[PDB]
Amino acid sequence: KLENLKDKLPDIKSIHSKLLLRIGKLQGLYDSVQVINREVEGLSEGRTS
Amino acid sequence: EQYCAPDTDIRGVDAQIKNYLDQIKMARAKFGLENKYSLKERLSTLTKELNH
């Protein structure tokens, strides 16, 4: 059963490429929340234009 | 919720914040000016003329 190890390899390349996709999405949600917390800090200083 | 729902570009939803982040002071300077003095001095003289 270990002789081929051929058609069992690209179905782990598939589930590993979706996980690296889901990491980069939620790493982008934690970079737009840190934009909202830079505006609400600066706006509640008192200086708007 | 649109960052994690599938089949979406990331840069197309990052521009929905720049829309939202400027619609939040276009409603805070619309009630921070009409409540500043145009409704302050309508209650300044009218509470003196009630007392008299």
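Conventions used here
- Residues numbered from 1 in each chain as written, not as in the entry; some residues may be left out.
- Chains lettered and ligands numbered in written order.
- Part of a larger assembly, values for the part shown.
- Heavy atoms only, no water.
- Helix = DSSP H or I, 4+ residues; strand = E, 2+ residues; numbered from the N terminus.
- Areas by Shrake-Rupley, 256 points an atom, 1.4 Å probe, with all protein chains shown as cover.
- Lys, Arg positive; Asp, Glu negative; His and termini not counted.
- Charge placed at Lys NZ, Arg CZ, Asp CG, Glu CD.
- Contact = heavy atoms within 4.5 Å.
- Buried area = accessible area lost by both parts, 1.4 Å probe.
- Salt bridge = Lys/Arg side-chain N within 4 Å of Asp/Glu carboxyl O.
- Polar contact = N/O pair within 3.5 Å; in protein donor to acceptor, adjacent residues only side chain to side chain.
- Patch = residues over 30% accessible without salt bridge, like charges linked within 9 Å, V, L, I, M, F, W, Y side chains within 5 Å.
- Buried < 20%, exposed > 50% of the residue type's maximum accessible area, 1.4 Å probe, protein only.
- Expected span 1.5 Å × (residues − 1).

Student: I tried to follow the overall build of chain A on my own but got confused; where do I start?
Tutor: From N to C terminus, chain A includes one helix and zero strands. Over its C-alpha atoms, taken along the principal directions, chain A stretches across nearly 70 × 15 × 5 Å. Approximately 4700 Å² of chain A is accessible, and the part contributed by carbon and sulfur atoms is 56%. A distance of 9 Å separates the average location of the 9 positive side-chain charges in chain A from that of its 7 negative side-chain charges.

Student: Please clarify how the interface of chain A and chain B should be interpreted in this entry.
Tutor: When the parts of a complex come together, some accessible area is lost, and that lost area is often taken as the interface size. With nine residues of chain A in contact, the opposing surface of chain B contributes eleven residues. For the chain A and chain B pair, buried surface summed over both sides reaches about 910 Å², with 73% attributable to carbon and sulfur atoms. Among the residues of chain A in contact with chain B, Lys25, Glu39 and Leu43 of chain A are the three that bury the most area, contributing 51% of the side total. Applying the counting rule to chain A against chain B returns one salt bridge. We note a salt bridge from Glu39 of chain A to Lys25 of chain B, for which the minimum N-O separation is 2.4 Å. At the junction of chain A with chain B, the criterion picks out two residue pairs in polar contact.

Student: In this structure, what is going on with a nonpolar patch on the surface? I would like to understand it.
Tutor: All names here are of chain A. On the surface, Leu9, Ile12 and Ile15 cluster together into a nonpolar patch covering about 290 Å² of accessible area. Structurally, the position occupied by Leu9 is in the segment before α1 (10–43). The exposure class assigned to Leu9 is partly exposed, which follows from its relative accessible area of 45%.

Student: In this structure, what is going on with the environment of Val33 of chain A? I would like to understand it.
Tutor: Residue and element names in this part refer to chain A. With respect to the helices and strands, the residue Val33 is situated in helix α1. With relative accessibility at 41%, the residue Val33 sits in the partly exposed group. Sequence separation of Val33 and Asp7 is 26 residues, and the distance between their C-alpha atoms is 42 Å.

Student: I tried to follow the side chain of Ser32 of chain A on my own but got confused; where do I start?
Tutor: By secondary structure assignment, the location of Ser32 of chain A is in helix α1. Judged by its relative accessible area of 5%, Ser32 of chain A is buried. For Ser32 of chain A, the residues in contact, after removing those within four places along its chain, are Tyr3, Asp14 and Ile17 of chain B.

Student: Honestly, α1 of chain A in this entry has me stumped. Any pointers?
Tutor: It helps to recall that an α-helix has 3.6 residues per turn; residues three or four apart then point in one direction. End to end, α1 of chain A covers 51 Å across 34 residues, agreeing with the expected 50 Å (1.5 Å per residue, within 8%). For α1 of chain A, every residue scored as buried is listed here: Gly28, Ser32 and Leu43 of chain A. In this structure, the buried residues of α1 of chain A make contact with α1 (15–20) of chain B.

Functional significance is not addressed by these values, which are geometric in nature.
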